[PDB]
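Quick notes on the structure that follows.
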Amino acid sequence: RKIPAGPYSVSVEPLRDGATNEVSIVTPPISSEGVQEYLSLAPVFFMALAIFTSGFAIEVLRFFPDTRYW
Amino acid sequence: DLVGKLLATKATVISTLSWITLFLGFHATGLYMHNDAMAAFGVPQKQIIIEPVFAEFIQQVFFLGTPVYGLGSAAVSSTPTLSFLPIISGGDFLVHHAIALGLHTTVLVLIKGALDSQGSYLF
Amino acid sequence: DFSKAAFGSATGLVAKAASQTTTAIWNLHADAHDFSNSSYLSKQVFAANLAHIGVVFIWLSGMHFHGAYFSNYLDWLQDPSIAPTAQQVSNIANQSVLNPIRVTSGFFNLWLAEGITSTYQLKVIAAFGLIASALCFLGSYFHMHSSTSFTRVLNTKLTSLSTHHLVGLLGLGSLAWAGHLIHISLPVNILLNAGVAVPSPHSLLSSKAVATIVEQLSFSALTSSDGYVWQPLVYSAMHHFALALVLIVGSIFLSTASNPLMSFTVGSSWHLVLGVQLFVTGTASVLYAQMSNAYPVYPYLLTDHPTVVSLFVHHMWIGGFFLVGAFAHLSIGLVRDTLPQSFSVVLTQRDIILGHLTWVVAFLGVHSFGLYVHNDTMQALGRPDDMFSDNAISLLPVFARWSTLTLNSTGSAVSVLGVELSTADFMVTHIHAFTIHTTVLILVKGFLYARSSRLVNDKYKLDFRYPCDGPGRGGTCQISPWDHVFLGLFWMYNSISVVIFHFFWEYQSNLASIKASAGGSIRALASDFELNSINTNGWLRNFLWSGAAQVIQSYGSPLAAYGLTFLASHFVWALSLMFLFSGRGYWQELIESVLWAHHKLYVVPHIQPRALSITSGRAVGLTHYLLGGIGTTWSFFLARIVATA
Amino acid sequence: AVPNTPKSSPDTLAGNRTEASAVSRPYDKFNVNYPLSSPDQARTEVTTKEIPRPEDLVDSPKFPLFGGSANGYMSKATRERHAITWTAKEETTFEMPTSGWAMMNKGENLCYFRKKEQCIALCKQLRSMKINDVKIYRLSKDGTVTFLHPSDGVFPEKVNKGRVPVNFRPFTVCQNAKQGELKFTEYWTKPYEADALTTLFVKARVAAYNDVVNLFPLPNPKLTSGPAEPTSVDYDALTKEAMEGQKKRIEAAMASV
Amino acid sequence: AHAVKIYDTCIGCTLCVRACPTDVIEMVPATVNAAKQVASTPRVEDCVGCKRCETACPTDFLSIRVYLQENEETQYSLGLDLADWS
Amino acid sequence: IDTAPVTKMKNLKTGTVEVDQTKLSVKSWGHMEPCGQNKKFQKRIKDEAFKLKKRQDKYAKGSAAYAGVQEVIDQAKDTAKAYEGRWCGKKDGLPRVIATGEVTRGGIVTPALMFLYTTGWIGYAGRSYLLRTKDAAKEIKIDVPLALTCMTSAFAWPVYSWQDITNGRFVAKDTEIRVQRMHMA
Ligand code: CLA
Ligand code: CLA
Ligand code: CLA
Ligand code: CLA
Ligand code: CLA
Ligand SMILES: CC1=C(C/C=C(\C)CCC[C@H](C)CCC[C@H](C)CCCC(C)C)C(=O)c2ccccc2C1=O
Ligand code: SF4
Ligand code: SF4
């Protein structure tokens, strides 16, 4: 990598000979284990927990408006 | 001595005062915000009005000479004496909880500073 | 691989025991976009810009979607006088009172200026905005992960970048907008104002429509084309055509062979370009805020007073924020450059420039606020003839009341814009000048005393954002350029708050005055602003306390949301006071006691609880202060201008 | 020039800066060996001939390529100056501690500053650029030159012989005596200045106070002019039994350790 | 003059010496730590009080302690640049 | 010219303080009555219904906005019917919360128990996760299976917590934790 390219690059080395019929997939090389690990992050996990709790409260308020059963 | 015992368990004092202040502030602020939302949304009935039944009980049983609330006692004094004691209602509960929050937070800061004058792990 | 590196910052945070603290989390957030100097810095910057463009496209698509589905845009087209609402509110909790929310963003007037008459067009624009956002995200990905380094765009390819922006982006966009106006925005507004139905916009591009129905090229068309809602669009089209022509011609008639960034590193070059760009964008926002009510350009815009007020205030706030950020990034670029010898004249006149600005700020402050306090004192003492007013010592702004010049075939803007100014305008304008000067003083001081100062002589070794140098030399808190931006943000808040207060009171005063009736033609003073905006008490009574009735009596009405946001803004502003007045050490000791309480119950969190760092505490306090003040003004202005207009 | 700088000499504008600092700030004094730590530490002496006061140097060859700035010291308003004398290997650019940029000479270089902090910052910058022999001097009002920074010739980062420890306290930071323990002494408000012997003595004294089972009553003084009160307690027997108790307690305590 | 003290816990890092912007701390030989060197402060009169030396001390708590003395401020301790008291 | 309403005290010189046992109940208090027959509460309900109907009248019959306001009106009617069993003063009409401890309509004991159980569940789940994940890595990186295991296993917090408290596995000995002794106690 003599050409200065950023880390985690899906770019082929720009120092190539005559036109190459090569396969260079421009899509992130993500991993299922990596994706699951990322969605288990404290920010992600706790924001998902907060969203779930908020939505559960929303549905309880919708189907049981006010505190009618106090 | 007394002060040495207070200093040795200063962590307990500060932590419990912090819990008291957190509870009082959370609940007073939350009830006030709930009442704000209910009054704003045109539904003043759905406010959380916790009747100050303990202070009303004290007032009726010990101070008042006529049945004003009727809880604890309902006797009327034959020869009452006069004063300017206010008659409490629902809002006074929240206001007294705000007062308790303020007093406890002030005591928390003062006690925490005085007891950490002997040193914290940052100093 | 890439997914593994997505949480790479968190993995590095947990890898070392030194980064297993909450302070590490706050640093991870604070250093999020602080792209460190590296071979891929320019790639990172450009990709971040493209991602932000995609985010803005998402926002535009959402706004058009709300206009299409959750707005009374068609009813507003049939009757512009109705309240523009574009945000339905579902019946959850008890919020049903505010179900139609009067949107004051001016999207209805904008869309009418764009020739949009059907909600299907808004749906199409929302879909294409989502498509454009997807394309921008794809491009940002590509540039970050597979593209050129972009390191030559600010130093080597700056001529190409500037020329492309001058000709292609700016000129061709203005020309294309002029074409859009002339072809579908003028004819649609003609057929709407005349009430003769509007065909499909593409049918206007037929060469058989009004384009060739009549070849007359002046104000004469079918029946009587006397619509004055339509003429601003004609002027806008002419302006865009002329601007495109002059941009294209001057771009090839300009040198552009002078890049002042040869002597700056790539990171410092990026920061300086960002600073100058922020300055330009902020002054453009302020100029647009002034011109929105200075000149009518959108159909039925001046009639919708809440929209005018919201546009003015929002763009003033954005301009102030960007003007502060301009100096912020100038300071960042100066302090983070290895050899920033370019600013040698100003770093060697450090004390001269700073002290002259200090005298200017002192003079302006004492004079302006002394005029105000003198009026307060004289009115309190019952001496109205000793005040500074029209019926007293008159501070008439003479320099305002003259624009006469040789005509040479001109008109309209050859005067004071048909408005007379008085003592109150003079005093409030000097208050504005003083507050602007003080904000500039703080920002310029932060820039100049960024690498070294008489107090601390190695401030360049301390980088841009540091809490202090220590309690020595009497105390050196808040010496950093970051802290100077931190104080300049407060002073920008003060300046813009006074500016928007002046605008809002003048606007309400003019609305009341034009509500004379028709017969009432001696407005005397009246002009509640002109008669009362001469005292601090006058403001406190006739503007704040007087207009607060709308926002505090909004409970049970659709403006109850404004009332609640008023309260929440006060709450956040006092919480800011909490963060700003206090210090890190106390909270650290309190957290020590709380953490002992945790350890006593075998809880023991390993991400050690640390209170916010000094700079983090200042930043949180400033964020809450700006949020609370701006939200209070937002709720107050919107409730006052919607209830009363 | 009279508008550029005041017409009067720096000494005239100073007035009685001395004989008032000795009165306004009697605490502000240097120890007998200011740049050094021990009296028998060579104490190299330099004079105005070696490092002259800046007002006596105009266009000196040893000055760096500096264009002047508003951030320098206050001529005619301050009389104290700090000078740096460093020798270069090549002519390169450096940041002045008062902002701005100067270019070093090929050989000897000489700069003047007001505060020693500026000189130390410049020394740090130069040593970061691989420069030795950075000598920092101080110029007084009367022209006496004091040699500083590598005072004993060796930079303080490197340990050198003949350097007596100064302000070294032979215990941990929190082993200092408490202010209440040092009350009514000269070290009441400054317990960090107390001796190790004094700190240990007061820390033992507070423990001694908290043992009232064996603490001595310390009989009342005889202040009244009348005859001694007969009382009902013999102080001699109490003193003897307290001597016995002290002896036995010390024996037991030393047996414990 | 802000008094600066050195304690037994010093381990001869020399970081406090390198962090001082006024050359207050100084490395003396000693026989208390493995480094056989201990910081000393023979030029406290130059101490501004910035506590950079305390920021660079790696021990559990500060083997070098800067005690600010606001009642004994000096032009060297106050960092005066435009006023001379000598 | 008059002062604040003067209240009348009990000149209780009898030497005894009598607390009426029959007055220790909400139904026996003369300042709060059930909302069903509270005239002020009924007036509040009528005003709310009238305002809702006025808001509804703005939108034409059969529109979506009309249906939304109609659902709001139905919700208000059902809420009023439910609140008729509450206790609301005698001059305010706003339903009150009785925090004495009596299990009544609008009381506090059942909500207190529900909240305390839920938040003891939350705290015990967090504490169990921290005890079974003694690692900052697993704190920043949530072990989702183990986290949810602890969350769903904390349902038995009230009894497990007390068993740990009485068996010494809940609290920590003061000599084994970081306690503040910088004063050299
Ligand atoms: C409006 C301004 C404001 C507010 C809200 C606070 C709040 C607080 N201060 Mg404080 N402070 C302020 C201004 C303010 N301060 C100023 C100006 C100063 C002077 C510098 C100080 C100086 C100061 C000191 C010195 C100390 C405090 C302490 C405290 C805490 C006391 C505990 C408490 O009441 O918790 C209640 C918390 C709140 C009311 C914050 C709002 C929380 C939410 C928004 C309200 C509740 C909503 C709802 C119930 C939550 C929903 C849950 C779920 C549905 C999601 C609390 C966080 C003490 C402390 O930290 O002890 C613990 C303490 O030692 N403060
Ligand atoms: C937080 C950022 C922010 C947000 C949320 C908004 C939000 C809004 N802006 Mg806005 N604005 C901002 C920052 C922001 N602005 C800044 C920084 C500027 C200064 C450049 C402007 C300038 C601006 C203008 C000029 C206009 C808006 C308008 C609007 C509204 C309609 C949005 C829309 O789709 O119109 C899209 C915007 C347009 C169609 C106008 C484009 C005008 C061009 C881009 C001006 C280019 C100036 C540039 C310096 C030219 C160089 C000159 C040089 C060659 C000499 C909306 C309320 C419009 C409005 O009020 O409508 C009701 C409107 O006319 N804004
Ligand atoms: C074109 C606009 C622009 C851009 C691209 C940047 C870019 C940058 N700025 Mg910058 N800045 C700008 C405008 C801009 N700024 C303006 C206008 C100001 C003045 C207000 C500043 C003031 C500023 C300071 C003081 C600092 C930066 C820094 C930085 C760098 C790191 C930013 C970071 O990590 O933030 C990460 C992102 C965040 C922290 C966002 C958090 C949210 C913010 C704090 C509050 C938002 C509240 C929100 C609006 C309200 C919520 C809704 C409400 C209803 C609840 C980066 C180069 C920092 C640096 O070190 O630069 C090298 C730094 O110290 N900037
Ligand atoms: C700073 C703003 C300001 C200004 C401009 C004024 C102005 C005035 N006040 Mg006033 N006042 C102020 C603030 C201010 N006030 C405040 C804050 C208070 C509250 C304490 C008051 C309380 C107050 C009272 C109680 C009274 C006034 C009165 C007056 C009037 C007479 C004052 C007088 O004798 O002048 C004295 C002026 C001078 C001595 C000259 C100073 C200015 C010179 C010209 C500067 C020249 C600089 C020069 C150009 C430098 C270059 C030189 C070089 C070229 C060689 C005058 C209109 C009196 C009144 O009723 O009159 C209407 C009166 O009774 N004031
Ligand atoms: C495992 C989580 C956990 C547990 C068991 C406790 C337990 C306790 N905390 Mg506490 N706390 C926590 C998290 C936790 N805290 C967090 C995340 C914060 C930062 C906001 C605090 C901040 C805090 C303060 C400031 C104080 C306490 C206090 C207390 C004690 C009294 C109870 C109380 O006031 O709670 C009230 C709790 C809060 C105000 C903050 C709760 C924030 C969330 C809801 C807790 C997080 C739960 C966790 C993420 C669950 C994840 C499970 C999953 C991983 C499986 C008690 C020992 C008080 C004390 O010392 O009294 C003796 C006190 O003053 N805590
Ligand atoms: C309070 C305070 C802290 C303590 C602040 C801490 C420890 C930050 C942690 C606060 C948590 C993250 C609050 C989380 C958000 C709140 C629960 C409120 C938002 C959500 C509600 C609206 C529901 C400092 O560290 C500090 C530092 C320097 C100057 C001033 C201060 C300061 O004032
Ligand atoms: S108060 Fe805080 S910011 Fe100021 S010098 Fe001390 S530590 Fe630094
Ligand atoms: S940094 Fe601390 S431990 Fe290291 S030499 Fe200096 S005083 Fe001693």
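Quick note on naming: the chains in the structure tokens go A, B, ... in the order shown, residues restart at 1 in each chain, and ligands are numbered from 1 in order of appearance.
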
List all protein, DNA and RNA residues that have any atom at most 6 Å from ligand 5, counting only C-alpha atoms and all ligand atoms, and write the list as a PyMOL selection string. (chain B and resi 15-16+18-19) or (chain C and resi 594+597-598) or (chain F and resi 122-127+129+147-148+150-151)

Residue selection dump (N, CA, C and O atoms) as a short mmCIF file (atom, residue, chain, number, x, y, z; two decimals), in the first residue's frame:
```cif
data_model
loop_
_atom_site.label_atom_id
_atom_site.label_comp_id
_atom_site.auth_asym_id
_atom_site.auth_seq_id
_atom_site.Cartn_x
_atom_site.Cartn_y
_atom_site.Cartn_z
N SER B 15 -23.52 9.10 51.46
CA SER B 15 -24.29 8.28 50.54
C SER B 15 -25.77 8.31 50.87
O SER B 15 -26.61 8.42 49.97
N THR B 16 -26.12 8.21 52.15
CA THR B 16 -27.54 8.21 52.52
C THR B 16 -28.16 9.58 52.29
O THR B 16 -29.31 9.67 51.85
N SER B 18 -27.20 11.63 49.98
CA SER B 18 -27.34 11.68 48.54
C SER B 18 -28.57 10.92 48.08
O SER B 18 -29.29 11.37 47.18
N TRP B 19 -28.83 9.75 48.68
CA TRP B 19 -30.03 9.01 48.33
C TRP B 19 -31.29 9.79 48.69
O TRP B 19 -32.24 9.83 47.91
N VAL C 594 -20.48 7.74 46.97
CA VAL C 594 -21.49 6.91 46.34
C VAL C 594 -20.90 5.57 45.91
O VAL C 594 -21.55 4.52 46.00
N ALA C 597 -20.66 3.34 48.75
CA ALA C 597 -21.98 2.74 48.98
C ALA C 597 -22.21 1.57 48.04
O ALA C 597 -22.79 0.55 48.43
N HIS C 598 -21.78 1.70 46.78
CA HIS C 598 -21.90 0.60 45.83
C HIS C 598 -21.05 -0.59 46.24
O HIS C 598 -21.53 -1.73 46.28
N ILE F 122 -34.74 -4.51 38.76
CA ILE F 122 -33.74 -3.83 37.94
C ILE F 122 -32.38 -3.83 38.63
O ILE F 122 -31.35 -4.19 38.04
N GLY F 123 -32.36 -3.42 39.90
CA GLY F 123 -31.11 -3.33 40.62
C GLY F 123 -30.45 -4.67 40.83
O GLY F 123 -29.23 -4.80 40.72
N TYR F 124 -31.24 -5.70 41.14
CA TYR F 124 -30.68 -7.03 41.32
C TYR F 124 -30.18 -7.61 40.01
O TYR F 124 -29.17 -8.31 40.00
N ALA F 125 -30.86 -7.32 38.90
CA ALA F 125 -30.35 -7.76 37.60
C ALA F 125 -29.01 -7.11 37.30
O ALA F 125 -28.06 -7.78 36.88
N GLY F 126 -28.91 -5.79 37.53
CA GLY F 126 -27.64 -5.12 37.30
C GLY F 126 -26.54 -5.62 38.21
O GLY F 126 -25.41 -5.83 37.78
N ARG F 127 -26.86 -5.83 39.49
CA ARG F 127 -25.88 -6.33 40.45
C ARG F 127 -25.44 -7.74 40.10
O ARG F 127 -24.25 -8.07 40.21
N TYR F 129 -25.43 -9.06 37.08
CA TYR F 129 -24.57 -8.96 35.91
C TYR F 129 -23.18 -8.50 36.30
O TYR F 129 -22.18 -9.05 35.82
N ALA F 147 -26.58 -11.03 30.06
CA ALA F 147 -27.32 -9.89 30.56
C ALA F 147 -28.81 -10.20 30.66
O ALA F 147 -29.44 -9.94 31.69
N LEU F 148 -29.38 -10.78 29.61
CA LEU F 148 -30.79 -11.12 29.63
C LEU F 148 -31.08 -12.28 30.58
O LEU F 148 -32.16 -12.33 31.17
N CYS F 150 -29.53 -12.64 33.48
CA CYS F 150 -29.63 -11.96 34.77
C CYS F 150 -30.92 -11.16 34.87
O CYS F 150 -31.57 -11.15 35.93
N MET F 151 -31.32 -10.49 33.79
CA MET F 151 -32.53 -9.67 33.82
C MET F 151 -33.77 -10.51 34.08
O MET F 151 -34.62 -10.13 34.90
#
```

Residues of chain E within 10 Å of chain C, counting only C-alpha atoms - could you list those as a VMD selection string? chain E and resid 2 21 47 to 52 55 66 68 70 73 to 82

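Going from CA of residue 94 in chain B to CA of residue 41 in chain B covers 20.3 Å.
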
With only C-alpha atoms as the counted atoms, please give the residues lying no more than 10 Å from residue 36 in chain A, apart from itself and same-chain residues fewer than 3 positions off, as a list in words. residues 31, 32, 33, 39, 40 and 41 of chain A; 3 and 4 of chain C; 144 of chain F

Kindly provide, as a compact mmCIF listing (two decimals) with N, CA and C atoms, in the first residue's frame, the residues of chain E having any atom no farther than 7 Å from an atom of chain D, counting only C-alpha atoms.
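Everything below was put into result.txt:
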```
# COMPACT_ATOMS: atom_id res chain seq x y z
N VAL E 4 7.03 23.90 48.20
CA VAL E 4 6.98 22.63 47.49
C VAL E 4 7.84 21.63 48.25
N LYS E 5 7.29 20.45 48.51
CA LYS E 5 7.94 19.45 49.34
C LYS E 5 8.11 18.15 48.57
N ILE E 6 9.10 17.36 48.98
CA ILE E 6 9.36 16.05 48.43
C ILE E 6 9.31 15.03 49.56
N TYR E 7 8.74 13.87 49.28
CA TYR E 7 8.50 12.86 50.30
C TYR E 7 9.20 11.55 49.92
N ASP E 8 9.19 10.61 50.87
CA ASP E 8 9.91 9.36 50.69
C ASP E 8 9.41 8.57 49.49
N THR E 9 8.13 8.72 49.14
CA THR E 9 7.54 7.92 48.08
C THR E 9 8.11 8.24 46.71
N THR E 14 12.22 11.72 37.50
CA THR E 14 12.65 12.94 36.83
C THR E 14 11.54 13.58 36.02
N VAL E 17 10.81 17.09 37.34
CA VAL E 17 11.81 18.05 36.89
C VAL E 17 11.50 18.54 35.49
N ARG E 18 11.17 17.61 34.59
CA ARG E 18 10.89 17.97 33.20
C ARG E 18 9.59 18.74 33.05
N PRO E 21 7.95 24.47 34.64
CA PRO E 21 8.22 25.56 33.70
C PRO E 21 9.13 26.65 34.24
N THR E 22 9.69 26.49 35.44
CA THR E 22 10.55 27.51 36.02
C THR E 22 11.79 26.94 36.71
N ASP E 23 12.11 25.66 36.51
CA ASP E 23 13.29 25.03 37.08
C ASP E 23 13.33 25.19 38.60
N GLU E 26 14.74 19.53 41.26
CA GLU E 26 16.12 19.20 40.96
C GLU E 26 16.43 17.83 41.54
N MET E 27 17.23 17.05 40.83
CA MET E 27 17.45 15.64 41.15
C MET E 27 18.71 15.47 41.99
N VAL E 28 18.54 15.07 43.25
CA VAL E 28 19.68 14.86 44.14
C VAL E 28 19.89 13.36 44.34
N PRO E 29 21.12 12.92 44.60
CA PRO E 29 21.33 11.51 44.92
C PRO E 29 20.74 11.16 46.28
N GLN E 37 18.05 8.22 43.30
CA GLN E 37 17.93 9.65 43.07
C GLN E 37 16.55 10.09 43.54
N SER E 40 14.32 17.22 44.51
CA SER E 40 14.43 18.26 45.52
C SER E 40 14.02 19.57 44.89
N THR E 41 13.62 20.52 45.73
CA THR E 41 13.11 21.82 45.29
C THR E 41 13.94 22.92 45.93
N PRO E 42 15.16 23.16 45.44
CA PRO E 42 15.99 24.21 46.02
C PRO E 42 15.69 25.60 45.50
N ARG E 43 14.86 25.72 44.47
CA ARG E 43 14.54 27.02 43.89
C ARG E 43 13.04 27.29 43.98
N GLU E 45 11.53 29.64 45.21
CA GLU E 45 11.20 31.03 44.94
C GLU E 45 10.75 31.25 43.50
N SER E 63 4.14 12.32 45.44
CA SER E 63 5.40 12.37 46.16
C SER E 63 5.98 13.78 46.20
N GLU E 72 1.48 34.94 50.71
CA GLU E 72 2.89 35.20 50.46
C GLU E 72 3.18 35.19 48.97
N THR E 74 4.44 36.34 45.35
CA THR E 74 5.65 36.98 44.86
C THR E 74 5.50 37.20 43.37
N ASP E 81 4.48 39.81 34.51
CA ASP E 81 5.25 40.09 33.31
C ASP E 81 5.44 41.57 33.05
N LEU E 82 4.50 42.41 33.48
CA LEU E 82 4.58 43.84 33.21
C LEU E 82 4.89 44.67 34.44
N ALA E 83 4.87 44.07 35.63
CA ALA E 83 5.15 44.78 36.87
C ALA E 83 6.38 44.17 37.53
N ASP E 84 7.29 45.01 37.98
CA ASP E 84 8.51 44.58 38.65
C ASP E 84 8.48 45.07 40.09
N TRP E 85 8.81 44.18 41.02
CA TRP E 85 8.89 44.53 42.43
C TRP E 85 10.30 44.48 42.98
N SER E 86 11.27 44.00 42.20
CA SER E 86 12.65 43.93 42.66
C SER E 86 13.26 45.32 42.76
```

Where in range 369-455 of chain C does DSSP assign helix (DSSP H, G or I), given as a PyMOL selection string? chain C and resi 369-380+384-386+398-400+423-448

Neighbourhood of ligand 8 at 7 Å, counting only C-alpha atoms and all ligand atoms, reported as a short mmCIF file (atom, residue, chain, number, x, y, z; two decimals) with C-alpha atoms, in the first residue's frame:
```cif
data_model
loop_
_atom_site.label_atom_id
_atom_site.label_comp_id
_atom_site.auth_asym_id
_atom_site.auth_seq_id
_atom_site.Cartn_x
_atom_site.Cartn_y
_atom_site.Cartn_z
CA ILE E 6 9.36 16.05 48.43
CA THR E 9 7.54 7.92 48.08
CA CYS E 10 9.53 9.62 45.30
CA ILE E 11 11.04 7.03 42.97
CA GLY E 12 13.37 9.20 40.88
CA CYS E 13 11.17 9.53 37.80
CA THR E 14 12.65 12.94 36.83
CA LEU E 15 9.22 13.67 35.33
CA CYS E 16 8.54 16.39 37.90
CA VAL E 17 11.81 18.05 36.89
CA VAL E 38 15.24 11.82 44.66
CA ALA E 39 13.66 15.09 43.58
CA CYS E 53 5.02 18.62 38.69
CA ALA E 56 3.56 14.12 36.19
CA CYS E 57 4.17 12.21 39.44
CA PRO E 58 3.25 8.51 38.97
CA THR E 59 3.04 7.50 42.64
CA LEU E 62 1.85 13.03 44.99
CA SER E 63 5.40 12.37 46.16
CA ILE E 64 5.88 16.08 45.35
#
```

Compile the residues of chain A that lie within 12 Å of chain B, evaluated using only C-alpha atoms, and express the compilation as a ChimeraX atom specification. /A:65-68,70

Using N, CA, C and O atoms, can you write the selected residues to a file as a short mmCIF file (atom, residue, chain, number, x, y, z; two decimals), in the first residue's frame?
```cif
data_model
loop_
_atom_site.label_atom_id
_atom_site.label_comp_id
_atom_site.auth_asym_id
_atom_site.auth_seq_id
_atom_site.Cartn_x
_atom_site.Cartn_y
_atom_site.Cartn_z
N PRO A 65 -55.51 3.99 28.82
CA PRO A 65 -55.29 5.43 29.00
C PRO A 65 -55.52 5.85 30.44
O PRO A 65 -56.44 5.37 31.11
N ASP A 66 -54.67 6.76 30.91
CA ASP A 66 -54.72 7.27 32.28
C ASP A 66 -54.59 6.15 33.30
O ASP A 66 -54.39 4.99 32.93
N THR A 67 -54.67 6.48 34.58
CA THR A 67 -54.68 5.47 35.63
C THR A 67 -56.12 5.24 36.08
O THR A 67 -56.56 5.66 37.15
N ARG A 68 -56.86 4.53 35.23
CA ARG A 68 -58.26 4.26 35.49
C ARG A 68 -58.45 3.19 36.56
O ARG A 68 -59.50 3.15 37.20
N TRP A 70 -56.67 2.69 39.39
CA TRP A 70 -55.95 3.03 40.61
C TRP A 70 -56.77 2.65 41.84
O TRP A 70 -57.22 3.51 42.59
#
```
